[PDB]
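Contents: one structure, followed by commentary.
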Amino acid sequence: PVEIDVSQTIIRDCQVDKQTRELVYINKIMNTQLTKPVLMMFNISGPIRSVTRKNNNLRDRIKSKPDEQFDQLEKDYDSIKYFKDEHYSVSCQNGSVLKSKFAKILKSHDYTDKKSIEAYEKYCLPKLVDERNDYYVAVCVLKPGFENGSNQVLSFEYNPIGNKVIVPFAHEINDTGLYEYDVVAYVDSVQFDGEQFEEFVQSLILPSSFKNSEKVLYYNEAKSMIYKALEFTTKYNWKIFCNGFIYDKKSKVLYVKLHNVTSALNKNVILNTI
């Protein structure tokens, strides 16, 4: 009977200067009220200048960007910049730094739990810390009052180091070695990487219509298009659940749709800027 609406994860990361980029991160975590202070962490390809706070509106305006570029595919029938404000606190440090003081930092963020700092320290920090470099980590802790208002979408003004862009897909580590994804992202000003998209897409497990005779197919339709899709026949050749990555070679844009698909990979998409 009951019709359901998802509460997923929307990402738009745009190049604004020849030096600066803006990241809008709207995440399910931010749509709850006051389970006490909450915490998020991701990687950014560079230092954060400002953490603005747009309209609980910018949400669905960004989302449509690829739902639209995918809906056509278907066929249905070394320091710690601190940024505090009224209800949230944010930090921008290096992974090696966050590792090193990981605990004190969250305590400075008025996090200060116990099992949790142990939990996050254990399950998430390992996944947003690498060898190659010292990618920055965004340590965000939304506090209570956050729930009030219609300006609960966040913006991170930042300037990429080297010429890379990171799209914060990676989840925390779980025992069952499987990750369930629900994300849409708009990312412009990055060079195509058919290699890594290909790897990420082939690792996906779409959902099912329970229509026994359905076959999941894989596509690389060079704009380049690398996705998977659930197909079957009702005369009527359905082609739903297209999930994956579309890449405009004109606009030089990237639409990413990983909506309710399960993968064993747990990584961010890392790109180069033009």
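Each chain in the structure tokens gets a letter, A, B, ..., in the order shown, and its residues are numbered from 1; ligands are numbered from 1 in order too.
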
Open item on the list: When you look at residue 98 in chain A with a cut-off of 10 Å (counting only C-alpha atoms), what residues show up, excluding the ones that are within fewer than 4 positions of it in the same chain? I need them as an MDAnalysis selection string.
Closed with: chainID A and resid 80 91:94 102:106 121 125 129 136:139

Please produce a file of those selected residues containing N, CA and C atoms, as a short mmCIF file (atom, residue, chain, number, x, y, z; two decimals), in the first residue's frame.
data_model
loop_
_atom_site.label_atom_id
_atom_site.label_comp_id
_atom_site.auth_asym_id
_atom_site.auth_seq_id
_atom_site.Cartn_x
_atom_site.Cartn_y
_atom_site.Cartn_z
N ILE A 80 44.82 23.76 11.85
CA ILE A 80 43.42 23.37 12.03
C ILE A 80 42.46 24.53 11.92
N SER A 91 36.01 21.53 11.53
CA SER A 91 37.46 21.59 11.53
C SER A 91 38.01 21.15 10.23
N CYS A 92 39.15 21.72 9.88
CA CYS A 92 39.80 21.31 8.66
C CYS A 92 41.26 21.10 8.93
N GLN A 93 41.64 19.85 9.04
CA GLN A 93 43.00 19.51 9.31
C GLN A 93 43.53 18.48 8.31
N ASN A 94 44.77 18.08 8.50
CA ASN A 94 45.36 17.05 7.66
C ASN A 94 45.03 15.68 8.31
N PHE A 102 43.27 13.20 16.92
CA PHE A 102 41.89 12.77 16.71
C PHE A 102 40.93 12.92 17.87
N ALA A 103 41.39 12.55 19.05
CA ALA A 103 40.52 12.60 20.21
C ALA A 103 40.28 13.98 20.80
N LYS A 104 41.36 14.74 20.95
CA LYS A 104 41.28 16.07 21.53
C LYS A 104 40.39 16.98 20.66
N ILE A 105 40.62 16.90 19.35
CA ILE A 105 39.86 17.66 18.36
C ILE A 105 38.35 17.53 18.57
N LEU A 106 37.82 16.31 18.54
CA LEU A 106 36.38 16.11 18.75
C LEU A 106 35.96 16.62 20.14
N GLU A 121 37.00 6.61 15.86
CA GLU A 121 38.44 6.51 15.75
C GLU A 121 38.75 5.15 15.09
N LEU A 125 38.17 6.85 10.77
CA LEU A 125 39.48 7.43 10.49
C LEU A 125 40.36 6.58 9.56
N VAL A 129 42.15 8.23 5.52
CA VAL A 129 43.57 8.45 5.81
C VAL A 129 44.35 7.56 4.84
N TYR A 136 42.95 16.49 3.12
CA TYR A 136 42.34 17.13 4.27
C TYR A 136 41.09 16.40 4.68
N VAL A 137 40.77 16.52 5.95
CA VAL A 137 39.57 15.89 6.43
C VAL A 137 38.60 16.96 6.91
N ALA A 138 37.34 16.82 6.56
CA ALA A 138 36.37 17.76 7.06
C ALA A 138 35.73 17.15 8.31
N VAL A 139 36.00 17.72 9.48
CA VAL A 139 35.41 17.20 10.71
C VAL A 139 34.20 18.06 11.08
#

Check which residues of range 224-251 of chain A sit at most 12 Å from range 255-273 of chain A using only C-alpha atoms, and return one row each with the closest pair of atoms and their distance in Å to one decimal, ordered by chain and rising number, as a Markdown table.
| residue | atom | partner | partner_atom | distance |
| --- | --- | --- | --- | --- |
| A:224 | CA | A:255 | CA | 10.8 |
| A:225 | CA | A:255 | CA | 9.8 |
| A:226 | CA | A:256 | CA | 9.9 |
| A:227 | CA | A:257 | CA | 9.0 |
| A:228 | CA | A:261 | CA | 10.3 |
| A:229 | CA | A:261 | CA | 10.8 |
| A:230 | CA | A:261 | CA | 11.5 |
| A:240 | CA | A:259 | CA | 11.9 |
| A:241 | CA | A:259 | CA | 8.3 |
| A:242 | CA | A:257 | CA | 8.2 |
| A:243 | CA | A:257 | CA | 5.3 |
| A:244 | CA | A:257 | CA | 5.3 |
| A:245 | CA | A:256 | CA | 4.5 |
| A:246 | CA | A:255 | CA | 5.1 |
| A:247 | CA | A:255 | CA | 6.2 |
| A:248 | CA | A:255 | CA | 8.1 |
| A:249 | CA | A:255 | CA | 11.6 |
| A:251 | CA | A:255 | CA | 11.3 |

Could you name the residues that touch range 144-158 of chain A at 9 Å or less, counting only C-alpha atoms, but leaving out those on the same chain fewer than 3 positions away, as a compact mmCIF listing (two decimals) with N, CA and C atoms, in the first residue's frame?
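Okay, around08.txt is ready:
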# COMPACT_ATOMS: atom_id res chain seq x y z
N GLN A 19 41.13 29.34 -8.49
CA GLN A 19 41.83 28.88 -7.29
C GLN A 19 40.90 28.18 -6.31
N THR A 20 39.63 28.62 -6.27
CA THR A 20 38.63 28.12 -5.32
C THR A 20 37.45 27.35 -5.87
N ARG A 21 37.00 26.37 -5.07
CA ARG A 21 35.84 25.51 -5.36
C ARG A 21 34.94 25.53 -4.12
N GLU A 22 33.67 25.30 -4.41
CA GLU A 22 32.64 25.25 -3.41
C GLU A 22 31.99 23.85 -3.36
N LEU A 23 31.83 23.32 -2.16
CA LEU A 23 31.20 22.03 -2.02
C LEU A 23 29.95 22.17 -1.17
N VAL A 24 28.83 21.68 -1.70
CA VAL A 24 27.56 21.66 -0.99
C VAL A 24 27.34 20.17 -0.67
N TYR A 25 27.24 19.88 0.62
CA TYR A 25 27.05 18.54 1.14
C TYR A 25 25.77 18.51 1.92
N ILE A 26 24.75 17.83 1.40
CA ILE A 26 23.49 17.69 2.14
C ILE A 26 23.44 16.21 2.48
N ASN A 27 23.41 15.88 3.76
CA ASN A 27 23.48 14.48 4.14
C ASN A 27 22.42 14.05 5.16
N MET A 30 21.85 15.17 8.72
CA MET A 30 21.37 16.53 8.99
C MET A 30 19.84 16.74 9.01
N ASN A 31 19.07 15.66 8.89
CA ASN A 31 17.62 15.81 8.90
C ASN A 31 16.97 15.18 10.13
N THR A 32 17.69 15.15 11.24
CA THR A 32 17.19 14.58 12.48
C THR A 32 17.21 15.74 13.46
N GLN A 33 16.51 15.61 14.59
CA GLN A 33 16.56 16.69 15.56
C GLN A 33 17.76 16.59 16.56
N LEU A 34 17.45 16.31 17.83
CA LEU A 34 18.49 16.33 18.85
C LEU A 34 19.11 15.10 19.50
N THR A 35 19.27 13.99 18.77
CA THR A 35 20.01 12.90 19.40
C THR A 35 21.16 13.92 19.63
N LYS A 36 21.76 13.97 20.82
CA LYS A 36 22.84 14.94 21.08
C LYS A 36 23.82 15.22 19.89
N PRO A 37 24.89 16.01 20.11
CA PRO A 37 25.82 16.27 19.00
C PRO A 37 26.08 15.12 18.02
N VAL A 38 26.06 15.41 16.73
CA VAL A 38 26.32 14.40 15.71
C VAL A 38 27.62 14.69 15.01
N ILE A 44 38.49 16.50 1.62
CA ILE A 44 38.33 17.57 0.64
C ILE A 44 39.72 17.63 0.03
N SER A 45 39.78 17.99 -1.26
CA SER A 45 41.07 18.07 -1.94
C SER A 45 41.86 19.28 -1.52
N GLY A 46 41.34 20.05 -0.58
CA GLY A 46 42.06 21.24 -0.17
C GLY A 46 41.48 21.87 1.08
N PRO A 47 42.09 22.94 1.58
CA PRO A 47 41.73 23.72 2.76
C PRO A 47 40.41 24.46 2.59
N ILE A 48 39.64 24.53 3.68
CA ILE A 48 38.34 25.18 3.71
C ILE A 48 38.46 26.62 4.15
N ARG A 49 37.87 27.54 3.36
CA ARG A 49 37.90 28.98 3.64
C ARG A 49 36.72 29.35 4.48
N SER A 50 35.55 28.86 4.08
CA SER A 50 34.31 29.16 4.77
C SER A 50 33.31 28.02 4.73
N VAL A 51 32.46 27.99 5.74
CA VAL A 51 31.42 26.98 5.86
C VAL A 51 30.17 27.80 5.99
N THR A 52 29.58 28.10 4.85
CA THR A 52 28.35 28.88 4.78
C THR A 52 27.22 27.95 5.21
N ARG A 53 25.98 28.31 4.91
CA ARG A 53 24.86 27.51 5.33
C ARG A 53 23.58 27.85 4.56
N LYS A 54 23.51 27.50 3.27
CA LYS A 54 22.32 27.74 2.39
C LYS A 54 20.86 27.24 2.77
N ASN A 55 19.90 27.45 1.84
CA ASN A 55 18.48 27.16 2.20
C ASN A 55 18.17 25.71 2.14
N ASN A 56 17.40 25.19 3.11
CA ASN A 56 16.97 23.77 3.14
C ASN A 56 16.30 23.44 1.81
N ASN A 57 16.52 24.37 0.91
CA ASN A 57 15.95 24.44 -0.41
C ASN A 57 16.91 24.03 -1.49
N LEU A 58 18.18 24.45 -1.38
CA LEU A 58 19.22 24.17 -2.38
C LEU A 58 19.33 22.65 -2.59
N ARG A 59 18.70 21.92 -1.66
CA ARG A 59 18.67 20.46 -1.63
C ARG A 59 18.19 19.86 -2.92
N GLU A 86 26.53 29.11 15.60
CA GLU A 86 25.45 28.84 16.53
C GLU A 86 25.22 27.34 16.89
N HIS A 87 24.90 26.50 15.90
CA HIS A 87 24.64 25.10 16.23
C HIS A 87 25.62 23.99 15.72
N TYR A 88 26.67 24.37 14.99
CA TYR A 88 27.60 23.39 14.48
C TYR A 88 29.03 23.90 14.60

TODO: Could you tell me how far CA of residue 39 in chain A lies from CA of residue 170 in chain A, in Å and to one decimal?
DONE: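 Between CA of residue 39 in chain A and CA of residue 170 in chain A the gap works out to 15.0 Å.
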
Open item on the list: For the strand (DSSP E) assignment from backbone DSSP, which residues of range 9-228 of chain A qualify? Please present them as a PyMOL selection string.
Closed with: chain A and resi 9-15+21-27+40-44+48-52+81-84+88-94+136-142+154-158+164-167+179-188+204-205+215-220+224-228

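In terms of minimum interatomic distance to residue 41 in chain A, A:89 ranks closest within A:15, A:89, A:7, A:100, counting only C-alpha atoms.
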